[PDB]
Amino acid sequence: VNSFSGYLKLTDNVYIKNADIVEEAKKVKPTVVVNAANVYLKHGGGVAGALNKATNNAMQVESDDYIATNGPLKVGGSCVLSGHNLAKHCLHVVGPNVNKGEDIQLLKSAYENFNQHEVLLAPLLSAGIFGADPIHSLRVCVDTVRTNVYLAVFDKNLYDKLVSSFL
Ligand SMILES: COC(=O)Nc1ccc(C(=O)N[C@@H]2c3ccccc3C[C@@H]2C(=O)O)cc1
């Protein structure tokens, strides 16, 4: 049993809710919140910008030190950093950004990072300002992630479309 509430069950291991991931993280304090990161960990907008704003820019400060030491992530890759006031840990995962021309096949590699964590609160990778089709992202999630994932979808209209079209 865990503290996630109000989710619709899509599969054995994938759950979905119309929710602001910032507000959900603040209430649940999950072990892992996933950030929709880019390779530079520049958290300017979308989910990343919202998560970073909620940390009062501490996420960005930590991320800048990470990049200065380690260099950029790979598209499809991830790193574990602090969850600050939102979670124990933040798993920064880089899905391909279609608005930069990155290969959508890398979306499966991106979701594979979730399998290193037993339970996660996450957005749909490569959705929103990353330009992929969220219905496709949900399909890849369900077909790739085997650990327990709680998906937060900010837009109610999109949430309803994701549920109604789910196979
Ligand atoms: C004040 O609080 C906040 O700013 N919160 C906040 C701000 C932005 C986003 C976001 O860009 N989300 C992504 C988004 C947007 C449109 C379509 C698909 C998706 C996938 C992501 C999701 O559905 O979560 C999420 C939360």
# chains A, B, ... in the order shown; residues from 1 in each chain; ligands from 1
>>> residues_near_ligand(ligand="ligand 1", cutoff="10 Å", atoms="only C-alpha atoms and all ligand atoms", output="count of residues only")
44
>>> residues_around(residues="residue 63 in chain A", least_positions_apart="5", cutoff="8 Å", atoms="only C-alpha atoms", output="NGL selection string")
:A and (41-42 or 81)
>>> closest_residue(among="A:37, A:136, A:143, A:118", to="residue 92 in chain A", atoms="only C-alpha atoms")
A:37
>>> select_by_dssp(residues="range 18-154 of chain A", states="strand (DSSP E or B)", output="PyMOL selection string")
chain A and resi 18+32-36+78-82+89-93+119-122+148-153
>>> closest_residue(among="A:164, A:113, A:9, A:95", to="residue 79 in chain A", atoms="only C-alpha atoms")
A:113
>>> atom_distance(atom1="CA of residue 121 in chain A", atom2="CA of residue 82 in chain A")
14.4 Å
>>> atom_distance(atom1="CA of residue 13 in chain A", atom2="CA of residue 27 in chain A")
21.2 Å
